[PDB]
Each structure stands twice: as C-alpha cells, then as structure tokens.
Amino acid sequence: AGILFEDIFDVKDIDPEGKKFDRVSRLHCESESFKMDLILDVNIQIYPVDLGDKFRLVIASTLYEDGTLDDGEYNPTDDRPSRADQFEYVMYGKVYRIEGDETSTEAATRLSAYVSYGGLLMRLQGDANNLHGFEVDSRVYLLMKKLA
Amino acid sequence: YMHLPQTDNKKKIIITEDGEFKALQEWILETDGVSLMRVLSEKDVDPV
Amino acid sequence: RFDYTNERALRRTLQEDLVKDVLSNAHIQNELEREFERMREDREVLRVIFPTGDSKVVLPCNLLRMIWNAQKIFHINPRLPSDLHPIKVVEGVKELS
Amino acid sequence: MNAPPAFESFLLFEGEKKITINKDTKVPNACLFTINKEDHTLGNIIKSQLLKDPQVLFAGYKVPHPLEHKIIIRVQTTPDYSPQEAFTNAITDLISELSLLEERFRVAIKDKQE
Amino acid sequence: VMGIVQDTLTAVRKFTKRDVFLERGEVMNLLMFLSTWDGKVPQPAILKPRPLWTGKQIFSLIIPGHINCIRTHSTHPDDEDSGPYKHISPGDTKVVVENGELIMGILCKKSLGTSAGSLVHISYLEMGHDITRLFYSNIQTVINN
C-alpha cells in the first residue's frame, strides 16, 4: 500500500558528537525486531525527543495510501483523499545514495540507505531484504509518532 | 647550507619496484652565489 | 585490467547477452587486452613526463562531472547491470579521439 | 541636482494608473498586481490579509527597487476562485477591521475620559 | 572572478545551516524575490505539525538547470573522511549538489567564492552565461531579503 518500510525503533543517544546545531539533534536508534541501526536528524523545538523514547517509523512513497503519485507539489487544499495524517510528525525528501556490503561477485548482504530532507539526513542500516524498496533519486516521506 | 627538504618539490622522487611513488629524503646543498659550470663538473654532484 | 576469468562479477555487472559474447569471441578479448597494453604504455609516458606525482593537471572538459551529469540525467541505476558492450566503448573513444 | 521632488513619492502624474492587472502565465490561476506610488505600508497589509484566506495558495509582495515607488503583489488561488475577487474580499475584510478598530478606539477613549 | 561577497555570502552561510527553518509566509516572500522561479511552491521539508521549509530547499530552487557539484566547507574536520559518517557529516560539511538541488552542507567562500571548481564556475561551464547572470541576481536578492 505504498509503504516502503515498517519497523519500531528506540533511541539511546540524543547526540553522541555534541550539540552541533541548536534546533537539530542527530538521533541514533536501533530496532527491536529487525535489528536495524538508524541515524536520523530531527527538529527539537518543533518536536521534543529524549532518551529511551519508543516510536514506530514509516517510510512511504506517498501519503495518500492509494498508490497514486503525488508529483511533489504543495497543496493544502487537496485533503480529500485523507492522507496519512494519523502520525504525529512528518518530513519529506529524496534518497541520494545507497551503500552496501556488496563484493565484486557476491550480492549485498547489508544495504545502507542515505536520505536528505533538505539537509536533515538519516542512515538506515539493515538487511538487503528490508531495503530493496528504495531506489536512488526517489522521493520519500518520513513518518513519526510516540508509543506508550 | 645543509638541510633535508620537506616540500615535495625538492625531495627525491623515484619509481619503486611496485610502481608507487615514494617520498625519499636526500641531502641537498644550497649555495650563495653561482659557479654552475664548475659545480656540475665537481665529483659526486648530480649533473641531472 | 578488466579481468574476466571469475566471470561471476562480470555477470553481475553486465547482461547475459553481453556476457555470453564476452566470454567467447576471442577477438573481443584480444581487443580489450590491446586496450590495456595501450593504457600501460600510456601510464609509462605519464610517469616519464610528470615526476613528483603531481596528479593535478588542467584539461578542457571535466570528464568526471560529465559522467555524473549523464548518470543523473538518464536516471541510471548503479545497482542493476548495464547494457554497454566494452567494444562499443572502445571504438567510441577511438572515434571521438 | 537629481534629487526627486518629495511629493513624487506618492502622487500620480498624468500618464499612469494606480492599478494594472497582469495574468501570470507560468502557473494557472495567478495574477500580478502592480499597485503604484505605494510602499511596504500597504504591501505588508495585503500580504498578511491574503495569507489568512484558507483558499489561496500563494501570496507575497516585493518592491522592485526602494527608490522607485512601486510594489508588485502576486496572488494564486485554487481553480475555482479568481485572484481579483480574493483581492477584493481581502480589502473589504480589511476595511471592516479598520472601521471596527476605530469604533472601539472611540469607545475606549470615551470610557477613559471619565 | 565573479563571487558572492559581503552580506550575501555570510547570509548565505547562515541561511544554509540545518537549524534554519522558514514559515509559510516567509517562504512566499522569499520566492517572490526570485525571477527564474517556475511558480510552483516546492513541497515543504516538514509537513506535520506545521509546514516548515528549509533554507537548503530554497537555495535548491535558486540553483539553475541540473548542476552536479561537490565541495567541502571551510571548517571541514579532516577526520570525517577517514572515519564513518563520511556521507552524513555531523558537522554538515561536504557540500553536495545533485540534479541542481542542494542536498547537504553549508556554503561559504570555498563554494560560491572566487575559487576554481566553485558552484558558480560549474554553473557557467554547464548552463551557459545568461543563466549564470540570473543565478547571481537571484542569490543576491533573495539572500538580502
């Protein structure tokens, strides 16, 4: 249904390298089931976040949950399809590089995907079977919400 | 004057058996004045 | 060198129609070997002309940027294998030169 | 020598109009207002009032040059709502706001005066 | 020899940081000062809770055509290249411009200034000469405003 990645994550380090920027922090997170190391940059003043916070991440090509492409334009008046507004904090950008452990002859076993949301980046380490959805130079959304 | 160069311009550079350039330090001599012809003629002076 | 003995990495990079013709048709293999020999004597000439390992040099066209522009203009996916016969590249660069 | 007359900053000599309408061709349902002989005092108000409208996408203004007393305002609406009518509605709401503010200021002054 | 200089260049740096964000009206005002803008407001980097645009996105709008440039910010830690996070750059160094869109990194003299392989240099070499003039004018106007 357009969802490229489903997983639950937990945050251990707010900023290991120090408070580089006032309104941005680099979250370091790993999953509970897929064992997928995650690095991510998030606005703080807009969305507070602290250690030991449990959230579920979702990455989808579109928020419409119908398969139709959005084509990347801002249209606040197009709320009729009831986009994925359940989740609490949304961000939008494009993937730009996909590293991995590929050898000359052996297929990649761990795929690392980097995405840039107008400066705010992530790094998604994990198994290739969980990352094949991504394709370089493709627009994606980030989704966030807290868990009890 | 006697001094080992540090900038790569005056440092000995040669092709190794492996083909990689290696920064080799060799003694060089800088002299006030010029007597270039006799200096080249002198023994143990690289004419190249 | 463009090694092809292992043949599995070559399978990963290229397409089956290409790899079948590359692993056979020894004229193609000899052409690639000739290209590598030319590149070897080219490297010798570079080492003779340019001592001190000064690899920074001024040339008209920024080839790396041109290749990058081609990549991100034709949306080429580096993960999937490409369809580009090496001999096509060989006579292409020769004809260009 | 070349100092422009001070009154020129707001008066309209014969040969130009206060308002001219230009239909932007880059995007459908867009207009390019060109209010003349005004400044930020009106442009800021217009931008703020238009931006409050729920059914207008783009709204902004710029002075092409501080010395030249001209302002350009661009408005883009949905494909069921002409930009001119949005401009007019914003102006009317503005007039109502200012009239109400004047009335309530009168009431406040009267109450303060014993 | 042309170069962004004085208030524009410093304002470019402070406008390209990660921390900077813009509300809707501010983004409309900034877009108004452009000249080559296609007239379509780009999708904001932030949707929920409220729309926030990032300065890098506006600068990406400023870049013309499809430029491909890669330069290092002035305060680039030398340890980043060898160690991990090479393409993440926690200090937000390693400016990368992809398909004419700014992807990461703050800009400074070493990227927009009078230096070889600068962003303006690549803009001239690729797109032409008129488009570079529009690039310079757009940068100065929007960054000043």
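Reading guide: rules and limits
Residues numbered from 1 in each chain as written, not as in the entry; some residues may be left out. Chains lettered and ligands numbered in written order. Part of a larger assembly, values for the part shown. Heavy atoms only, no water. Helix = DSSP H or I, 4+ residues; strand = E, 2+ residues; numbered from the N terminus. Buried < 20%, exposed > 50% of the residue type's maximum accessible area, 1.4 Å probe, protein only. Contact = heavy atoms within 4.5 Å. Areas by Shrake-Rupley, 256 points an atom, 1.4 Å probe, with all protein chains shown as cover. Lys, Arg positive; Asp, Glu negative; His and termini not counted. Charge placed at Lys NZ, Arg CZ, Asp CG, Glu CD. Rg over C-alpha atoms; globule rule 2.2 N^0.38 Å. Pairing = 2+ DSSP bridges. Axes fitted to C-alpha atoms, helices over the stretch in contact; angles between N-to-C directions.

cryo-EM is the method the PDB entry lists for this structure, together with a resolution of 3.4 Å.

Asker: Would you explain the overall build of chain B in this entry?
Answerer: The secondary structure content of chain B amounts to one helix and four strands. The order of α-helices and β-strands along chain B, N terminus first, is β-β-β-β-α. Considered along the principal axes of its C-alpha atoms, chain B spans approximately 40 × 20 × 15 Å. Relative to its full complement of 48 residues, chain B shows a buried share of 10%. Sequence separation of 24 or more characterises 25% of the internal contacts of chain B that already satisfy a separation of 6 or more. Approximately 4700 Å² of chain B is accessible, and the part contributed by carbon and sulfur atoms is 56%. Positive and negative charge centroids in chain B, built from 6 and 10 side chains respectively, lie 3 Å apart.

Asker: Is there a simple way to explain the overall build of chain D in this structure?
Answerer: Helices and strands together make up the secondary structure of chain D, namely two helices and three strands. The N-to-C order of helical and strand elements in chain D reads β-α-β-β-α. Over its C-alpha atoms chain D spans a radius of gyration of 18 Å, topping by over 25% the 13 Å that the globule rule assigns to 114 residues. In terms of overall dimensions, chain D has C-alpha extents of about 60 × 50 × 20 Å along its principal axes.

Asker: Would you explain the sheet that holds strand 6 (residues 101-104) of chain E in this entry?
Answerer: Hydrogen bonds along the backbone pair up the strands of a sheet, which may run parallel or antiparallel. Read across the sheet, three strands follow the order 4-5-6 (chain E) without closing on themselves; strand pairing throughout is antiparallel. Each of the sheet's edge strands pairs with one partner strand only, and the pair in question is strand 4 (69-71) and strand 6 of chain E. Along the sheet, successive strands turn relative to each other by an average axial angle of 20°, direction set aside. Where strand 4 of chain E meets strand 5 (residues 95-98) of chain E, three bridges bridge the pair, whose relative direction is antiparallel. Note on strand 5 of chain E: the bridge partner recorded for E:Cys69 is E:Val97. Contacts from helix 4 (residues 63-73) of chain C reach strand 4 and strand 5 of chain E, with the element oriented near 55° to strand 5 of chain E.

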